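Note: the block below is model17.pdb and it holds PDB, C-alpha atoms.
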ATOM      1  CA  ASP W  34      18.244  16.952   6.126  1.00  0.00           C
ATOM      2  CA  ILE W  35      14.695  16.701   4.776  1.00  0.00           C
ATOM      3  CA  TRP W  36      13.442  13.174   4.031  1.00  0.00           C
ATOM      4  CA  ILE W  37      10.231  12.053   2.326  1.00  0.00           C
ATOM      5  CA  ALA W  38       9.100   8.470   2.853  1.00  0.00           C
ATOM      6  CA  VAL W  39       6.111   6.132   3.213  1.00  0.00           C
ATOM      7  CA  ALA W  40       5.791   5.064   6.905  1.00  0.00           C
ATOM      8  CA  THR W  41       3.481   3.022   9.054  1.00  0.00           C
ATOM      9  CA  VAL W  42       1.896   4.932  11.907  1.00  0.00           C
ATOM     10  CA  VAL W  43       2.043   2.998  15.163  1.00  0.00           C
ATOM     11  CA  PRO W  44      -0.175   4.408  17.978  1.00  0.00           C
ATOM     12  CA  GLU W  45       0.660   4.192  21.701  1.00  0.00           C
ATOM     13  CA  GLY W  46      -1.752   6.389  23.703  1.00  0.00           C
ATOM     14  CA  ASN W  47      -3.995   9.428  23.086  1.00  0.00           C
ATOM     15  CA  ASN W  48      -2.409  11.160  20.070  1.00  0.00           C
ATOM     16  CA  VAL W  49       1.069   9.613  20.613  1.00  0.00           C
ATOM     17  CA  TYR W  50       2.622   7.466  17.874  1.00  0.00           C
ATOM     18  CA  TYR W  51       5.874   6.399  16.291  1.00  0.00           C
ATOM     19  CA  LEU W  52       6.612   5.726  12.614  1.00  0.00           C
ATOM     20  CA  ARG W  53       7.915   2.483  11.108  1.00  0.00           C
ATOM     21  CA  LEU W  54       9.839   2.797   7.819  1.00  0.00           C
ATOM     22  CA  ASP W  55       9.962   0.080   5.135  1.00  0.00           C
ATOM     23  CA  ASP W  56      13.583  -0.920   6.136  1.00  0.00           C
ATOM     24  CA  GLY W  57      12.163  -1.433   9.673  1.00  0.00           C
ATOM     25  CA  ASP W  58      13.727   1.631  11.312  1.00  0.00           C
ATOM     26  CA  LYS W  59      11.542   3.295  13.960  1.00  0.00           C
ATOM     27  CA  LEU W  60      11.244   7.079  14.153  1.00  0.00           C
ATOM     28  CA  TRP W  61      10.058   8.806  17.323  1.00  0.00           C
ATOM     29  CA  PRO W  62       8.614  12.313  16.881  1.00  0.00           C
ATOM     30  CA  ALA W  63      10.432  14.690  19.256  1.00  0.00           C
ATOM     31  CA  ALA W  64       8.557  17.583  17.602  1.00  0.00           C
ATOM     32  CA  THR W  65       5.753  18.077  15.051  1.00  0.00           C
ATOM     33  CA  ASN W  66       4.011  20.729  12.951  1.00  0.00           C
ATOM     34  CA  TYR W  67       0.770  18.660  13.299  1.00  0.00           C
ATOM     35  CA  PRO W  68       0.193  18.129  17.018  1.00  0.00           C
ATOM     36  CA  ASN W  69      -3.517  17.283  16.498  1.00  0.00           C
ATOM     37  CA  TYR W  70      -2.792  14.375  14.144  1.00  0.00           C
ATOM     38  CA  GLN W  71      -4.814  11.310  15.081  1.00  0.00           C
ATOM     39  CA  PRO W  72      -2.758   8.147  14.756  1.00  0.00           C
ATOM     40  CA  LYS W  73      -4.656   5.035  13.758  1.00  0.00           C
ATOM     41  CA  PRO W  74      -3.636   1.376  13.837  1.00  0.00           C
ATOM     42  CA  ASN W  75      -2.476  -0.048  10.491  1.00  0.00           C
ATOM     43  CA  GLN W  76      -2.399   3.235   8.548  1.00  0.00           C
ATOM     44  CA  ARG W  77       0.382   4.342   6.206  1.00  0.00           C
ATOM     45  CA  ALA W  78       1.323   7.944   5.520  1.00  0.00           C
ATOM     46  CA  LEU W  79       3.598  10.017   3.346  1.00  0.00           C
ATOM     47  CA  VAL W  80       5.849  11.745   5.884  1.00  0.00           C
ATOM     48  CA  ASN W  81       8.143  14.781   5.465  1.00  0.00           C
ATOM     49  CA  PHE W  82      10.562  14.649   8.394  1.00  0.00           C
ATOM     50  CA  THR W  83      13.880  16.073   9.640  1.00  0.00           C
ATOM     51  CA  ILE W  84      16.245  13.877  11.661  1.00  0.00           C
ATOM     52  CA  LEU W  85      17.102  15.457  15.047  1.00  0.00           C
ATOM     53  CA  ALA W  86      19.419  12.825  16.547  1.00  0.00           C
ATOM     54  CA  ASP W  87      20.557   9.396  15.380  1.00  0.00           C
ATOM     55  CA  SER W  97      15.577   4.154  16.125  1.00  0.00           C
ATOM     56  CA  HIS W  98      15.820   7.942  15.805  1.00  0.00           C
ATOM     57  CA  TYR W  99      14.209  11.182  16.974  1.00  0.00           C
ATOM     58  CA  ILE W 100      12.475  13.329  14.342  1.00  0.00           C
ATOM     59  CA  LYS W 101      10.489  16.421  13.602  1.00  0.00           C
ATOM     60  CA  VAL W 102       7.382  15.590  11.601  1.00  0.00           C
ATOM     61  CA  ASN W 103       7.183  18.475   9.130  1.00  0.00           C
ATOM     62  CA  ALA W 104       4.117  17.096   7.375  1.00  0.00           C
ATOM     63  CA  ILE W 105       2.172  13.844   7.323  1.00  0.00           C
ATOM     64  CA  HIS W 106      -0.346  12.923   4.631  1.00  0.00           C
ATOM     65  CA  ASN W 107      -2.266   9.685   5.117  1.00  0.00           C
ATOM     66  CA  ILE W 108      -2.178   7.186   2.294  1.00  0.00           C
ATOM     67  CA  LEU W 109      -5.398   5.230   1.712  1.00  0.00           C
ATOM     68  CA  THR W 110      -4.719   1.945   3.619  1.00  0.00           C
ATOM     69  CA  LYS W 111      -6.987  -1.059   3.181  1.00  0.00           C
ATOM     70  CA  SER W 112      -7.039  -4.764   3.646  1.00  0.00           C
ATOM     71  CA  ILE W 113      -7.503  -7.266   0.823  1.00  0.00           C
ATOM     72  CA  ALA W 114     -11.238  -7.142  -0.209  1.00  0.00           C
ATOM     73  CA  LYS W 115     -13.647 -10.072  -0.426  1.00  0.00           C
ATOM     74  CA  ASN W 116     -13.699 -11.948  -3.741  1.00  0.00           C
ATOM     75  CA  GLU W 117     -17.114 -11.391  -5.366  1.00  0.00           C
ATOM     76  CA  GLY W 118     -16.689 -14.001  -8.036  1.00  0.00           C
ATOM     77  CA  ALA W 119     -18.487 -13.295 -11.302  1.00  0.00           C
ATOM     78  CA  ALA W 120     -19.387  -9.811  -9.932  1.00  0.00           C
ATOM     79  CA  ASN W 121     -15.691  -8.717  -9.509  1.00  0.00           C
ATOM     80  CA  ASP W 122     -15.553  -6.695 -12.716  1.00  0.00           C
ATOM     81  CA  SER W 123     -18.803  -4.961 -11.927  1.00  0.00           C
ATOM     82  CA  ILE W 124     -18.089  -4.219  -8.270  1.00  0.00           C
ATOM     83  CA  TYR W 125     -14.318  -3.677  -8.384  1.00  0.00           C
ATOM     84  CA  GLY W 126     -14.051  -2.121 -11.845  1.00  0.00           C
ATOM     85  CA  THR W 127     -12.044  -2.570 -15.034  1.00  0.00           C
ATOM     86  CA  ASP W 128     -10.980   1.020 -15.488  1.00  0.00           C
ATOM     87  CA  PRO W 129      -7.362   1.056 -16.602  1.00  0.00           C
ATOM     88  CA  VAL W 130      -4.464   2.528 -14.659  1.00  0.00           C
ATOM     89  CA  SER W 131      -0.770   3.168 -15.225  1.00  0.00           C
ATOM     90  CA  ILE W 132       1.854   1.607 -12.879  1.00  0.00           C
ATOM     91  CA  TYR W 133       5.568   1.867 -13.729  1.00  0.00           C
ATOM     92  CA  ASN W 134       8.153  -0.581 -12.495  1.00  0.00           C
ATOM     93  CA  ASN W 135       9.381   0.552  -9.056  1.00  0.00           C
ATOM     94  CA  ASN W 136       6.035   2.209  -8.299  1.00  0.00           C
ATOM     95  CA  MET W 137       4.820  -1.027  -6.766  1.00  0.00           C
ATOM     96  CA  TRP W 138       6.673  -2.428  -3.764  1.00  0.00           C
ATOM     97  CA  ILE W 139       6.415  -4.510  -0.601  1.00  0.00           C
ATOM     98  CA  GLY W 140       7.250  -2.569   2.562  1.00  0.00           C
ATOM     99  CA  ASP W 141       6.461  -3.265   6.220  1.00  0.00           C
ATOM    100  CA  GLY W 142       3.938  -6.078   5.246  1.00  0.00           C
ATOM    101  CA  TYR W 143       2.029  -3.814   2.852  1.00  0.00           C
ATOM    102  CA  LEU W 144       1.780  -3.744  -0.860  1.00  0.00           C
ATOM    103  CA  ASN W 145       2.425  -0.118  -1.773  1.00  0.00           C
ATOM    104  CA  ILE W 146       1.317   1.395  -5.013  1.00  0.00           C
ATOM    105  CA  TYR W 147       1.793   4.719  -6.781  1.00  0.00           C
ATOM    106  CA  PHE W 148      -0.461   4.716  -9.863  1.00  0.00           C
ATOM    107  CA  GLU W 149      -1.897   7.112 -12.375  1.00  0.00           C
ATOM    108  CA  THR W 150      -5.214   7.279 -14.121  1.00  0.00           C
ATOM    109  CA  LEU W 151      -7.728   9.766 -15.522  1.00  0.00           C
ATOM    110  CA  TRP W 152      -9.917  11.800 -13.125  1.00  0.00           C
ATOM    111  CA  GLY W 153     -12.809  14.249 -13.536  1.00  0.00           C
ATOM    112  CA  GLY W 154     -13.512  15.522 -10.016  1.00  0.00           C
ATOM    113  CA  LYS W 155     -17.096  14.225 -10.063  1.00  0.00           C
ATOM    114  CA  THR W 156     -17.046  10.739  -8.476  1.00  0.00           C
ATOM    115  CA  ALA W 157     -14.796   9.008  -6.007  1.00  0.00           C
ATOM    116  CA  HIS W 158     -12.821   6.034  -7.428  1.00  0.00           C
ATOM    117  CA  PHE W 159     -12.896   2.619  -5.625  1.00  0.00           C
ATOM    118  CA  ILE W 160      -9.398   1.105  -5.170  1.00  0.00           C
ATOM    119  CA  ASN W 161      -8.937  -2.525  -4.127  1.00  0.00           C
ATOM    120  CA  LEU W 162      -6.703  -5.575  -4.026  1.00  0.00           C
ATOM    121  CA  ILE W 163      -8.414  -8.974  -4.349  1.00  0.00           C
ATOM    122  CA  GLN W 164      -7.568 -12.660  -4.597  1.00  0.00           C
ATOM    123  CA  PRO W 165      -9.430 -14.190  -7.492  1.00  0.00           C
ATOM    124  CA  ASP W 166      -8.732 -17.764  -6.149  1.00  0.00           C
ATOM    125  CA  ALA W 167      -7.289 -17.761  -2.633  1.00  0.00           C
ATOM    126  CA  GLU W 168      -7.551 -21.518  -2.320  1.00  0.00           C
ATOM    127  CA  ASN W 169      -5.544 -22.502  -5.424  1.00  0.00           C
ATOM    128  CA  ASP W 170      -3.459 -19.414  -6.008  1.00  0.00           C
ATOM    129  CA  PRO W 171      -3.227 -17.479  -2.718  1.00  0.00           C
ATOM    130  CA  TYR W 172      -0.236 -15.344  -3.818  1.00  0.00           C
ATOM    131  CA  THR W 173      -1.830 -14.133  -7.048  1.00  0.00           C
ATOM    132  CA  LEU W 174      -3.638 -10.803  -6.553  1.00  0.00           C
ATOM    133  CA  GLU W 175      -5.495  -8.293  -8.701  1.00  0.00           C
ATOM    134  CA  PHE W 176      -5.272  -4.557  -8.252  1.00  0.00           C
ATOM    135  CA  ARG W 177      -8.656  -3.184  -9.161  1.00  0.00           C
ATOM    136  CA  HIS W 178      -9.832   0.349 -10.031  1.00  0.00           C
ATOM    137  CA  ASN W 179     -13.405   1.531 -10.552  1.00  0.00           C
ATOM    138  CA  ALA W 180     -13.839   5.107 -11.873  1.00  0.00           C
ATOM    139  CA  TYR W 181     -17.670   4.665 -12.235  1.00  0.00           C
ATOM    140  CA  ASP W 182     -19.012   7.641 -14.252  1.00  0.00           C
ATOM    141  CA  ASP W 183     -16.122  10.024 -13.466  1.00  0.00           C
ATOM    142  CA  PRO W 184     -15.219  12.062 -16.521  1.00  0.00           C
ATOM    143  CA  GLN W 185     -11.638  11.657 -17.768  1.00  0.00           C
ATOM    144  CA  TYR W 186     -10.514  15.324 -17.720  1.00  0.00           C
ATOM    145  CA  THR W 187      -6.915  15.021 -16.433  1.00  0.00           C
ATOM    146  CA  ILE W 188      -4.150  12.636 -15.507  1.00  0.00           C
ATOM    147  CA  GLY W 189      -3.686  12.382 -11.711  1.00  0.00           C
ATOM    148  CA  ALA W 190      -1.606  10.270  -9.350  1.00  0.00           C
ATOM    149  CA  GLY W 191      -2.748   8.263  -6.356  1.00  0.00           C
ATOM    150  CA  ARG W 192      -1.201   6.285  -3.561  1.00  0.00           C
ATOM    151  CA  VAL W 193      -2.520   3.245  -1.724  1.00  0.00           C
ATOM    152  CA  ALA W 194      -1.241   0.590   0.702  1.00  0.00           C
ATOM    153  CA  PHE W 195      -2.774  -2.875   1.161  1.00  0.00           C
ATOM    154  CA  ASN W 196      -2.214  -4.853   4.356  1.00  0.00           C
ATOM    155  CA  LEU W 197      -0.939  -8.304   3.331  1.00  0.00           C
ATOM    156  CA  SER W 198      -1.215  -9.880   6.732  1.00  0.00           C
ATOM    157  CA  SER W 199      -4.246 -11.969   5.570  1.00  0.00           C
ATOM    158  CA  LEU W 200      -2.108 -13.888   3.048  1.00  0.00           C
ATOM    159  CA  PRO W 201      -1.252 -17.426   4.197  1.00  0.00           C
ATOM    160  CA  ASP W 202       1.866 -17.634   6.346  1.00  0.00           C
ATOM    161  CA  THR W 203       4.881 -18.355   4.149  1.00  0.00           C
ATOM    162  CA  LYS W 204       6.492 -19.730   7.305  1.00  0.00           C
ATOM    163  CA  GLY W 205       9.747 -17.715   7.058  1.00  0.00           C
ATOM    164  CA  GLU W 206      10.439 -18.602   3.397  1.00  0.00           C
ATOM    165  CA  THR W 207      10.126 -16.197   0.451  1.00  0.00           C
ATOM    166  CA  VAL W 208       7.486 -16.742  -2.283  1.00  0.00           C
ATOM    167  CA  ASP W 209       6.459 -15.076  -5.484  1.00  0.00           C
ATOM    168  CA  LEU W 210       3.635 -12.561  -5.282  1.00  0.00           C
ATOM    169  CA  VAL W 211       2.003 -11.864  -8.619  1.00  0.00           C
ATOM    170  CA  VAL W 212      -0.071  -8.703  -8.850  1.00  0.00           C
ATOM    171  CA  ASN W 213      -2.199  -8.264 -11.964  1.00  0.00           C
ATOM    172  CA  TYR W 214      -3.630  -4.858 -12.973  1.00  0.00           C
ATOM    173  CA  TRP W 215      -5.324  -3.479 -16.088  1.00  0.00           C
ATOM    174  CA  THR W 216      -3.952  -0.870 -18.402  1.00  0.00           C
ATOM    175  CA  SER W 217      -4.966   0.798 -21.643  1.00  0.00           C
ATOM    176  CA  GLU W 218      -2.923  -1.862 -23.492  1.00  0.00           C
ATOM    177  CA  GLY W 219      -4.497  -4.706 -21.440  1.00  0.00           C
ATOM    178  CA  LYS W 220      -3.753  -6.946 -18.469  1.00  0.00           C
ATOM    179  CA  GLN W 221      -0.208  -6.775 -16.992  1.00  0.00           C
ATOM    180  CA  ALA W 222       1.522  -8.400 -14.047  1.00  0.00           C
ATOM    181  CA  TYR W 223       4.205  -7.478 -11.593  1.00  0.00           C
ATOM    182  CA  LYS W 224       6.107 -10.098  -9.639  1.00  0.00           C
ATOM    183  CA  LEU W 225       7.454  -9.366  -6.225  1.00  0.00           C
ATOM    184  CA  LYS W 226       9.138 -11.442  -3.536  1.00  0.00           C
ATOM    185  CA  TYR W 227       7.085 -11.842  -0.332  1.00  0.00           C
ATOM    186  CA  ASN W 228       7.948 -13.387   3.043  1.00  0.00           C
ATOM    187  CA  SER W 229       5.437 -13.259   5.945  1.00  0.00           C
ATOM    188  CA  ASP W 230       8.393 -12.574   8.251  1.00  0.00           C
ATOM    189  CA  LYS W 231       9.061  -8.747   7.944  1.00  0.00           C
ATOM    190  CA  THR W 232      12.470  -9.288   9.505  1.00  0.00           C
ATOM    191  CA  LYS W 233      13.822 -11.327   6.560  1.00  0.00           C
ATOM    192  CA  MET W 234      12.461  -8.895   3.960  1.00  0.00           C
ATOM    193  CA  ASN W 248      -2.628 -28.705   0.552  1.00  0.00           C
ATOM    194  CA  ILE W 249      -0.949 -25.805  -1.257  1.00  0.00           C
ATOM    195  CA  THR W 250       1.394 -24.192   1.310  1.00  0.00           C
ATOM    196  CA  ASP W 251       2.246 -27.402   3.195  1.00  0.00           C
ATOM    197  CA  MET W 252       3.994 -29.055   0.190  1.00  0.00           C
ATOM    198  CA  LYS W 253       6.033 -28.135  -2.824  1.00  0.00           C
TER
END
Structure re-expressed in C-alpha coordinates:
Amino acid sequence: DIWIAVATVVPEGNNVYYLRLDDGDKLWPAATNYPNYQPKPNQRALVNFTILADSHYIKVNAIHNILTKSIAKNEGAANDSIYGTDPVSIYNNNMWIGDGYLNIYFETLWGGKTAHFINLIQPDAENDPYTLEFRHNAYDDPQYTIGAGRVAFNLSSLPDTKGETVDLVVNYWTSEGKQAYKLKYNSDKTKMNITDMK
(Lines of atoms letter the chains of each structure in order from A and count residues from 1; the text may use other names and numbers.)
(Lines give C-alpha, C1' and ligand atoms only; values in the text may rest on other atoms or scores of the structure.)
Protein backbone atom coordinates (compact mmCIF):
# COMPACT_ATOMS: atom_id res chain seq x y z
CA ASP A 1 0.00 0.00 0.00
CA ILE A 2 2.64 2.46 1.23
CA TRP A 3 5.84 2.64 -0.85
CA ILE A 4 9.08 4.49 -0.14
CA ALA A 5 11.43 5.13 -3.05
CA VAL A 6 13.97 7.53 -4.58
CA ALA A 7 12.36 9.31 -7.59
CA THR A 8 13.24 11.97 -10.09
CA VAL A 9 10.94 14.97 -10.08
CA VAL A 10 9.93 16.00 -13.58
CA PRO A 11 8.23 19.45 -13.82
CA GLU A 12 5.56 20.37 -16.39
CA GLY A 13 4.01 23.75 -15.50
CA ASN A 14 3.57 25.94 -12.39
CA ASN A 15 3.77 23.46 -9.48
CA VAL A 16 2.78 20.41 -11.59
CA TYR A 17 5.18 17.45 -11.86
CA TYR A 18 5.39 13.71 -12.27
CA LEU A 19 7.86 11.29 -10.69
CA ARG A 20 10.23 8.93 -12.51
CA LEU A 21 11.31 5.80 -10.59
CA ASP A 22 14.66 4.03 -11.09
CA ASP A 23 12.98 1.15 -13.09
CA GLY A 24 11.63 3.91 -15.39
CA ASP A 25 7.99 3.79 -14.28
CA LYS A 26 6.24 7.18 -14.22
CA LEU A 27 3.94 8.15 -11.36
CA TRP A 28 1.36 10.91 -11.74
CA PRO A 29 0.16 12.55 -8.51
CA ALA A 30 -3.65 12.43 -8.41
CA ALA A 31 -3.49 13.79 -4.85
CA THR A 32 -0.86 15.17 -2.44
CA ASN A 33 -0.32 16.18 1.19
CA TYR A 34 2.18 18.84 -0.08
CA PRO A 35 0.34 20.95 -2.65
CA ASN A 36 2.87 23.82 -2.37
CA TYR A 37 5.85 21.64 -3.32
CA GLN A 38 8.01 23.33 -5.92
CA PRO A 39 9.22 20.86 -8.53
CA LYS A 40 12.63 21.56 -10.01
CA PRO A 41 14.34 20.10 -13.07
CA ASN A 42 16.87 17.34 -12.34
CA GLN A 43 16.10 16.93 -8.63
CA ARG A 44 15.70 13.61 -6.81
CA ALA A 45 13.53 13.07 -3.76
CA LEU A 46 12.65 10.43 -1.22
CA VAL A 47 8.93 9.89 -1.80
CA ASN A 48 6.32 8.19 0.42
CA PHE A 49 3.39 7.38 -1.87
CA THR A 50 0.22 5.27 -2.08
CA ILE A 51 -0.83 3.76 -5.41
CA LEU A 52 -4.39 4.80 -6.39
CA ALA A 53 -4.81 3.02 -9.73
CA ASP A 54 -2.48 0.93 -11.88
CA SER A 55 2.48 4.77 -15.56
CA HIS A 56 0.27 5.03 -12.46
CA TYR A 57 -1.74 7.51 -10.39
CA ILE A 58 -0.54 8.18 -6.83
CA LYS A 59 -1.05 10.10 -3.64
CA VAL A 60 2.17 11.77 -2.55
CA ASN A 61 2.11 11.30 1.23
CA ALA A 62 5.48 12.96 1.74
CA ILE A 63 8.37 14.11 -0.42
CA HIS A 64 11.83 14.94 0.93
CA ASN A 65 14.35 16.31 -1.56
CA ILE A 66 17.67 14.55 -1.80
CA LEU A 67 20.70 16.78 -2.42
CA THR A 68 21.15 16.51 -6.24
CA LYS A 69 24.29 17.81 -7.92
CA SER A 70 26.26 17.45 -11.07
CA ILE A 71 29.84 16.17 -11.22
CA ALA A 72 32.12 18.99 -9.86
CA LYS A 73 35.14 20.52 -11.60
CA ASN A 74 38.46 18.76 -11.03
CA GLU A 75 40.73 21.10 -9.03
CA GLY A 76 43.86 19.09 -9.51
CA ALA A 77 46.38 19.30 -6.67
CA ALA A 78 43.77 21.28 -4.65
CA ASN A 79 41.16 18.42 -4.68
CA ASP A 80 41.95 17.17 -1.18
CA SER A 81 41.85 20.66 0.23
CA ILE A 82 38.69 21.82 -1.54
CA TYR A 83 36.73 18.55 -1.68
CA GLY A 84 37.92 17.00 1.58
CA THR A 85 39.37 13.73 2.83
CA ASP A 86 37.00 13.18 5.71
CA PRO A 87 36.07 9.51 5.81
CA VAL A 88 32.59 8.09 5.28
CA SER A 89 30.90 4.71 5.49
CA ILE A 90 29.14 3.22 2.41
CA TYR A 91 27.86 -0.38 2.50
CA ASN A 92 27.38 -2.49 -0.58
CA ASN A 93 23.89 -1.82 -2.00
CA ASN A 94 23.90 1.73 -0.61
CA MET A 95 25.42 2.96 -3.85
CA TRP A 96 23.48 2.47 -7.07
CA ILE A 97 22.80 3.78 -10.57
CA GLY A 98 19.18 4.81 -11.12
CA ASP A 99 17.57 7.04 -13.75
CA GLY A 100 21.06 8.35 -14.92
CA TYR A 101 22.11 9.31 -11.38
CA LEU A 102 24.60 7.85 -9.03
CA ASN A 103 22.69 7.47 -5.77
CA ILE A 104 24.38 7.22 -2.44
CA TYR A 105 23.30 6.55 1.13
CA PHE A 106 26.33 7.12 3.38
CA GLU A 107 27.15 7.63 7.01
CA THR A 108 29.69 9.78 8.76
CA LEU A 109 30.22 11.75 11.97
CA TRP A 110 28.41 15.09 12.46
CA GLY A 111 28.49 17.84 15.10
CA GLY A 112 25.74 20.26 14.07
CA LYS A 113 28.18 23.17 13.70
CA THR A 114 29.25 23.27 10.02
CA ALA A 115 27.67 22.13 6.80
CA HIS A 116 29.52 19.27 5.02
CA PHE A 117 30.46 19.59 1.28
CA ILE A 118 29.50 16.49 -0.76
CA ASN A 119 30.83 15.96 -4.29
CA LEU A 120 31.61 13.55 -7.09
CA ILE A 121 34.66 14.34 -9.25
CA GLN A 122 36.69 12.88 -12.10
CA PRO A 123 40.35 12.95 -11.21
CA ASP A 124 41.33 12.36 -14.92
CA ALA A 125 38.39 12.69 -17.30
CA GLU A 126 40.59 12.44 -20.36
CA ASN A 127 42.30 9.12 -19.57
CA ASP A 128 39.86 7.53 -17.18
CA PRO A 129 36.43 9.14 -17.71
CA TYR A 130 34.50 6.37 -15.89
CA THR A 131 36.59 6.50 -12.72
CA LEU A 132 35.05 8.86 -10.13
CA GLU A 133 35.76 9.92 -6.57
CA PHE A 134 33.10 10.54 -3.98
CA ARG A 135 34.38 13.32 -1.79
CA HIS A 136 33.33 14.54 1.68
CA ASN A 137 34.56 17.62 3.52
CA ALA A 138 33.44 17.99 7.17
CA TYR A 139 35.68 21.11 7.70
CA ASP A 140 35.79 21.86 11.46
CA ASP A 141 32.52 20.08 12.34
CA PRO A 142 32.86 18.24 15.63
CA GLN A 143 32.30 14.47 15.46
CA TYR A 144 29.53 14.11 18.09
CA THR A 145 27.25 11.49 16.46
CA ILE A 146 26.85 9.09 13.58
CA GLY A 147 24.32 10.37 11.00
CA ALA A 148 23.13 9.27 7.58
CA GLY A 149 22.91 11.30 4.39
CA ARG A 150 21.60 10.89 0.90
CA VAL A 151 22.85 12.38 -2.35
CA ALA A 152 22.30 11.92 -6.11
CA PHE A 153 24.81 12.90 -8.81
CA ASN A 154 23.68 13.53 -12.39
CA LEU A 155 25.87 11.39 -14.66
CA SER A 156 24.74 12.91 -17.90
CA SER A 157 28.14 14.70 -18.30
CA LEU A 158 29.98 11.36 -18.62
CA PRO A 159 31.00 10.55 -22.21
CA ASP A 160 28.32 8.76 -24.20
CA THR A 161 28.83 5.01 -23.94
CA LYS A 162 26.88 4.80 -27.19
CA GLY A 163 24.34 2.17 -26.03
CA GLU A 164 26.96 -0.24 -24.61
CA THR A 165 27.55 -0.91 -20.90
CA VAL A 166 30.86 0.07 -19.22
CA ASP A 167 32.40 -0.21 -15.80
CA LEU A 168 32.01 2.77 -13.50
CA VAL A 169 34.50 2.80 -10.65
CA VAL A 170 33.66 5.04 -7.71
CA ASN A 171 36.39 5.56 -5.12
CA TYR A 172 35.62 6.91 -1.62
CA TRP A 173 37.57 7.21 1.63
CA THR A 174 36.87 5.39 4.83
CA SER A 175 38.43 5.08 8.26
CA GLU A 176 40.33 2.02 6.98
CA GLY A 177 41.43 3.86 3.79
CA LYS A 178 40.53 4.19 0.12
CA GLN A 179 37.86 1.78 -1.24
CA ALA A 180 36.15 1.33 -4.59
CA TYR A 181 32.77 0.25 -5.82
CA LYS A 182 32.23 -0.96 -9.36
CA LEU A 183 28.95 -0.48 -11.09
CA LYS A 184 27.70 -1.07 -14.62
CA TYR A 185 26.79 2.11 -16.53
CA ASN A 186 25.14 2.64 -19.93
CA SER A 187 24.30 6.17 -21.17
CA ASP A 188 21.05 4.74 -22.54
CA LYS A 189 18.61 4.65 -19.49
CA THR A 190 16.39 2.28 -21.44
CA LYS A 191 18.94 -0.58 -21.46
CA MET A 192 19.76 -0.16 -17.76
CA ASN A 193 40.87 8.25 -28.51
CA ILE A 194 39.52 6.44 -25.45
CA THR A 195 35.81 5.81 -26.15
CA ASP A 196 36.15 5.40 -29.93
CA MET A 197 38.32 2.23 -29.68
CA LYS A 198 38.81 -0.77 -27.48
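What the PyMOL selection byres ((chain W and resi 107) around 9) grabs from this file is residues 76, 77, 78, 79, 80, 105, 106, 108, 109 and 110 of chain W.
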Write a file of the just-selected residues containing C-alpha atoms, as a PDB file, in the frame of the given file.
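Generated file (selection-v8.pdb):
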ATOM      1  CA  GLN W  76      -2.399   3.235   8.548  1.00  0.00           C
ATOM      2  CA  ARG W  77       0.382   4.342   6.206  1.00  0.00           C
ATOM      3  CA  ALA W  78       1.323   7.944   5.520  1.00  0.00           C
ATOM      4  CA  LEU W  79       3.598  10.017   3.346  1.00  0.00           C
ATOM      5  CA  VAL W  80       5.849  11.745   5.884  1.00  0.00           C
ATOM      6  CA  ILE W 105       2.172  13.844   7.323  1.00  0.00           C
ATOM      7  CA  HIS W 106      -0.346  12.923   4.631  1.00  0.00           C
ATOM      8  CA  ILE W 108      -2.178   7.186   2.294  1.00  0.00           C
ATOM      9  CA  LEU W 109      -5.398   5.230   1.712  1.00  0.00           C
ATOM     10  CA  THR W 110      -4.719   1.945   3.619  1.00  0.00           C
TER      11      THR W 110
END
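With all atoms listed in the file as the atoms that count, the residue of W:61, W:82, W:50, W:214 with the shortest distance to residue 34 of chain W is W:82.
Of the listed residues W:102, W:73, W:111, W:132, the one whose atoms come nearest to residue 190 of chain W is W:132, with distances taken using all atoms listed in the file.
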Problem set entry | Spatial neighbours of segment 149-156 of chain W, 6 Å, all atoms listed in the file, chain gap at least 2 places, as a list in words | residues 130, 131, 183, 184, 185, 186, 187, 188, 189 and 190 of chain W
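Proximity ranking of W:161, W:232, W:47, W:199 relative to residue 140 of chain W places W:232 first, based on all atoms listed in the file.
The coordinates place atom CA of residue 182 of chain W at 20.4 Å from atom CA of residue 219 of chain W.
Atom pair atom CA of residue 125 of chain W / atom CA of residue 158 of chain W has a distance of 9.9 Å (rounded to one decimal).
Checking W:207, W:71, W:213, W:121 one by one against residue 234 of chain W, counting only C-alpha atoms, you find the shortest gap at W:207.
From atom CA of residue 118 of chain W back to atom CA of residue 179 of chain W, the distance works out to 16.1 Å.
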For this session: With the file shown as input, list the residues that the PyMOL selection byres ((chain W and resi 165-174) around 7) selects, as a ChimeraX atom specification.
Result: /W:116,162-164,175-176,200,209-213
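Minimum distance to residue 128 of chain W across W:51, W:36, W:159, W:227 (counting only C-alpha atoms) occurs at W:159.
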For this session: Name the closest residue to residue 220 of chain W among the candidates W:177, W:60, W:85, W:113; distances are taken between atoms, counting all atoms listed in the file.
Result: W:177
For this session: Could you please give me, as a VMD selection string, the residues of protein, DNA or RNA lying at most 7 Å from (5.8, -3.7, 9.0) in the coordinate frame of the file, considering only C-alpha atoms?
Result: chain W and resid 53 55 57 140 to 142 231
